[PDB]
Structures are given as C-alpha cells and as structure tokens.
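For reference, work_26.pdb (PDB, C-alpha atoms):
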```pdb
ATOM      1  CA  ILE L   5      27.627  68.019  22.060  1.00  0.00           C
ATOM      2  CA  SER L   6      26.868  71.285  23.873  1.00  0.00           C
ATOM      3  CA  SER L   7      23.912  73.658  24.544  1.00  0.00           C
ATOM      4  CA  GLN L   8      21.575  70.767  23.548  1.00  0.00           C
ATOM      5  CA  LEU L   9      18.560  72.951  22.659  1.00  0.00           C
ATOM      6  CA  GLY L  10      16.103  70.254  21.630  1.00  0.00           C
ATOM      7  CA  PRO L  11      15.672  68.508  18.241  1.00  0.00           C
ATOM      8  CA  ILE L  12      12.276  67.254  19.380  1.00  0.00           C
ATOM      9  CA  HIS L  13       9.214  69.535  19.559  1.00  0.00           C
ATOM     10  CA  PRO L  14       7.454  68.079  22.737  1.00  0.00           C
ATOM     11  CA  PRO L  15       7.193  70.348  25.864  1.00  0.00           C
ATOM     12  CA  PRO L  16      10.343  72.050  27.330  1.00  0.00           C
ATOM     13  CA  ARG L  17      10.995  68.853  29.304  1.00  0.00           C
ATOM     14  CA  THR L  18      13.355  68.252  26.401  1.00  0.00           C
ATOM     15  CA  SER L  19      12.613  71.036  23.868  1.00  0.00           C
ATOM     16  CA  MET L  20      14.316  73.376  26.277  1.00  0.00           C
ATOM     17  CA  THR L  21      17.275  71.334  27.274  1.00  0.00           C
ATOM     18  CA  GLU L  22      20.017  73.858  27.677  1.00  0.00           C
ATOM     19  CA  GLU L  23      23.473  72.586  28.378  1.00  0.00           C
ATOM     20  CA  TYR L  24      25.220  75.625  29.687  1.00  0.00           C
ATOM     21  CA  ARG L  25      28.959  75.796  29.203  1.00  0.00           C
ATOM     22  CA  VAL L  26      29.889  77.675  32.341  1.00  0.00           C
ATOM     23  CA  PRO L  27      33.398  78.324  33.721  1.00  0.00           C
ATOM     24  CA  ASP L  28      33.936  76.335  36.905  1.00  0.00           C
ATOM     25  CA  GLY L  29      34.756  79.492  38.856  1.00  0.00           C
ATOM     26  CA  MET L  30      31.583  81.128  37.596  1.00  0.00           C
ATOM     27  CA  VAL L  31      29.777  78.097  38.978  1.00  0.00           C
ATOM     28  CA  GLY L  32      31.223  79.044  42.326  1.00  0.00           C
ATOM     29  CA  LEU L  33      29.471  82.338  41.661  1.00  0.00           C
ATOM     30  CA  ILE L  34      26.228  80.858  40.218  1.00  0.00           C
ATOM     31  CA  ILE L  35      25.707  79.226  43.587  1.00  0.00           C
ATOM     32  CA  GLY L  36      26.538  82.605  45.115  1.00  0.00           C
ATOM     33  CA  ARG L  37      26.257  81.884  48.827  1.00  0.00           C
ATOM     34  CA  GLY L  38      28.018  78.599  48.170  1.00  0.00           C
ATOM     35  CA  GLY L  39      25.225  76.553  46.647  1.00  0.00           C
ATOM     36  CA  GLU L  40      21.882  77.647  48.047  1.00  0.00           C
ATOM     37  CA  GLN L  41      21.317  80.421  45.466  1.00  0.00           C
ATOM     38  CA  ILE L  42      20.904  78.114  42.486  1.00  0.00           C
ATOM     39  CA  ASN L  43      18.794  75.754  44.618  1.00  0.00           C
ATOM     40  CA  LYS L  44      16.481  78.635  45.520  1.00  0.00           C
ATOM     41  CA  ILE L  45      15.957  79.619  41.898  1.00  0.00           C
ATOM     42  CA  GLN L  46      15.751  76.124  40.367  1.00  0.00           C
ATOM     43  CA  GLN L  47      13.358  74.986  43.099  1.00  0.00           C
ATOM     44  CA  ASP L  48      11.369  78.225  42.884  1.00  0.00           C
ATOM     45  CA  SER L  49      11.016  78.226  39.109  1.00  0.00           C
ATOM     46  CA  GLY L  50      10.186  74.541  38.910  1.00  0.00           C
ATOM     47  CA  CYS L  51      13.021  73.987  36.475  1.00  0.00           C
ATOM     48  CA  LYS L  52      15.183  70.873  36.619  1.00  0.00           C
ATOM     49  CA  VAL L  53      18.474  72.703  36.870  1.00  0.00           C
ATOM     50  CA  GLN L  54      21.272  70.225  37.488  1.00  0.00           C
ATOM     51  CA  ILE L  55      24.879  71.307  38.002  1.00  0.00           C
ATOM     52  CA  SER L  56      27.267  68.846  36.363  1.00  0.00           C
ATOM     53  CA  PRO L  57      30.905  68.828  37.571  1.00  0.00           C
ATOM     54  CA  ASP L  58      31.430  65.962  35.139  1.00  0.00           C
ATOM     55  CA  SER L  59      30.379  68.222  32.278  1.00  0.00           C
ATOM     56  CA  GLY L  60      30.744  65.657  29.508  1.00  0.00           C
ATOM     57  CA  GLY L  61      32.287  67.518  26.601  1.00  0.00           C
ATOM     58  CA  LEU L  62      33.405  70.747  28.250  1.00  0.00           C
ATOM     59  CA  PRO L  63      36.425  71.338  30.548  1.00  0.00           C
ATOM     60  CA  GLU L  64      34.395  73.698  32.678  1.00  0.00           C
ATOM     61  CA  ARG L  65      31.039  72.956  34.265  1.00  0.00           C
ATOM     62  CA  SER L  66      27.916  72.154  32.314  1.00  0.00           C
ATOM     63  CA  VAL L  67      24.574  73.115  33.792  1.00  0.00           C
ATOM     64  CA  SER L  68      21.599  71.287  32.356  1.00  0.00           C
ATOM     65  CA  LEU L  69      18.387  73.210  32.048  1.00  0.00           C
ATOM     66  CA  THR L  70      14.999  71.521  31.666  1.00  0.00           C
ATOM     67  CA  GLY L  71      11.388  71.977  32.730  1.00  0.00           C
ATOM     68  CA  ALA L  72       8.470  74.138  31.694  1.00  0.00           C
ATOM     69  CA  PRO L  73       8.560  77.296  29.480  1.00  0.00           C
ATOM     70  CA  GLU L  74       8.495  79.748  32.380  1.00  0.00           C
ATOM     71  CA  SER L  75      10.561  77.639  34.791  1.00  0.00           C
ATOM     72  CA  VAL L  76      13.221  76.996  32.197  1.00  0.00           C
ATOM     73  CA  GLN L  77      13.082  80.741  31.535  1.00  0.00           C
ATOM     74  CA  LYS L  78      13.700  81.779  35.156  1.00  0.00           C
ATOM     75  CA  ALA L  79      16.396  79.117  35.423  1.00  0.00           C
ATOM     76  CA  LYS L  80      18.208  80.137  32.248  1.00  0.00           C
ATOM     77  CA  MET L  81      17.777  83.770  33.204  1.00  0.00           C
ATOM     78  CA  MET L  82      20.163  83.300  36.156  1.00  0.00           C
ATOM     79  CA  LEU L  83      22.432  81.180  33.972  1.00  0.00           C
ATOM     80  CA  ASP L  84      22.433  83.908  31.330  1.00  0.00           C
ATOM     81  CA  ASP L  85      23.323  86.466  33.985  1.00  0.00           C
ATOM     82  CA  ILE L  86      26.424  84.729  35.350  1.00  0.00           C
ATOM     83  CA  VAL L  87      27.540  83.082  32.123  1.00  0.00           C
ATOM     84  CA  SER L  88      27.237  86.463  30.400  1.00  0.00           C
ATOM     85  CA  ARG L  89      29.352  88.109  33.106  1.00  0.00           C
ATOM     86  CA  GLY L  90      31.837  85.245  32.791  1.00  0.00           C
ATOM     87  CA  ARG L  91      31.946  84.134  29.147  1.00  0.00           C
ATOM     88  CA  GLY L  92      30.640  87.379  27.672  1.00  0.00           C
ATOM     89  CA  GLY L  93      28.166  85.798  25.300  1.00  0.00           C
TER      90      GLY L  93
END
```
Let me see whether you can do it: turn the structure in this file into structure tokens.
Amino acid sequence: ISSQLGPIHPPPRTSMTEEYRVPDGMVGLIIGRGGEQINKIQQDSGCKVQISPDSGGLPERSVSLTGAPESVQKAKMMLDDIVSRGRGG
C-alpha cells in the first residue's frame, strides 16, 4: 500500500490521506532547517502531517498527509515541491 488517497468519501480526515513516498535524503530537505520547516507548515496549515521513518512498505520515508481540504492542500503543496524535485513526478 502506498499514496493511500482515500476509498471513503467522508471529509479529508481520511479522504485525503496521502502517503508520500519520499526519498530519505529529500526528507532531510523537506525539513529544510533540520526539522522546523515541515513543523511550521503542517502546524500552520492545520494538516496532520506525520513523517514516518518506519515507512511501512517503502524503503525511503513515507509522509502521511491528513486534515482539511485547504490544510491538506498546503501540506501536500510542500510535499509536492520537494518530492517533485527529488522523485521527478
């Protein structure tokens, strides 16, 4: 399982679960200043962005995205940025 998405139609608390397959080095970059960057954005947006070093099914890191439509947007926006510059797309 990867990316998640959301098989259920309820609010983005689960309909916007994004499991982001992100290279572990690009996680070093997603935190930017060493961690605080992602905290700023995930706390600012209101999105439940959790970095998973355990991953689950991926060898690299898996970032789980959940929250509200606009929070999950802001959150996944930063994820898109770094994961695009790392994995291409």
Report the distance between CA of residue 84 in chain L and CA of residue 34 in chain L in Å, rounded to one decimal place. 10.1 Å
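Summary of the local environment: counting all atoms listed in the file, residues at most 7 Å from residue 64 in chain L, other than itself and those fewer than 3 positions away along its chain, are residues 25, 26, 27, 28 and 59 of chain L.
Closest approach to residue 47 in chain L among L:79, L:87, L:20, L:12: L:79, based on all atoms listed in the file.
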Just the residues within 10 Å of residue 42 in chain L, please, counting all atoms listed in the file, with nothing from its chain fewer than 2 positions along; format it as a PyMOL selection string. chain L and resi 31+33-40+44-48+53-55+79+82-83
Output file for the selection above: C-alpha atoms, as a compact mmCIF listing (two decimals), in the frame of the given file:
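Final file, part_14.txt:
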```txt
# COMPACT_ATOMS: atom_id res chain seq x y z
CA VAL L 31 29.78 78.10 38.98
CA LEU L 33 29.47 82.34 41.66
CA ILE L 34 26.23 80.86 40.22
CA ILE L 35 25.71 79.23 43.59
CA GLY L 36 26.54 82.60 45.12
CA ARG L 37 26.26 81.88 48.83
CA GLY L 38 28.02 78.60 48.17
CA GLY L 39 25.22 76.55 46.65
CA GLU L 40 21.88 77.65 48.05
CA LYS L 44 16.48 78.64 45.52
CA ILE L 45 15.96 79.62 41.90
CA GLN L 46 15.75 76.12 40.37
CA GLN L 47 13.36 74.99 43.10
CA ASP L 48 11.37 78.22 42.88
CA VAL L 53 18.47 72.70 36.87
CA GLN L 54 21.27 70.22 37.49
CA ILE L 55 24.88 71.31 38.00
CA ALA L 79 16.40 79.12 35.42
CA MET L 82 20.16 83.30 36.16
CA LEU L 83 22.43 81.18 33.97
```
Using the chain letters and numbers from the file, which residues does the PyMOL selection byres ((chain L and resi 76) around 9) grab, as a PyMOL selection string? chain L and resi 16-17+20-22+46+49-53+69-75+77-81
At what distance in Å, to one decimal, does CA of residue 30 in chain L lie from CA of residue 18 in chain L?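 Answer for the CA of residue 18 in chain L to CA of residue 30 in chain L separation: 25.0 Å.
The space separating CA of residue 8 in chain L from CA of residue 88 in chain L comes to 18.0 Å.
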Which of these residues is nearest to residue 7 in chain L, using only C-alpha atoms: L:66, L:85, L:93, L:58?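 Closest candidate: L:66.
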Within 7 Å of (29.6, 68.2, 25.0), in the coordinates the file gives, what residues turn up when you count all atoms listed in the file, written out as an MDAnalysis selection string? chainID L and resid 5:6 60:62
Can you sort out the box for range 57-70 of chain L, edges along x, y and z, all listed atoms in, 8 Å on every side, with centre and edge lengths in Å to one decimal, as lines of an AutoDock Vina configuration file?
```
center_x = 25.7
center_y = 69.7
center_z = 32.1
size_x = 37.4
size_y = 24.0
size_z = 27.0
```
Shortest interatomic distance to residue 67 in chain L - which of L:91, L:43, L:24, L:14, counting only C-alpha atoms: L:24
Selected residue of minimal separation from residue 86 in chain L among L:63, L:32, L:15, L:10, counting all atoms listed in the file: L:32
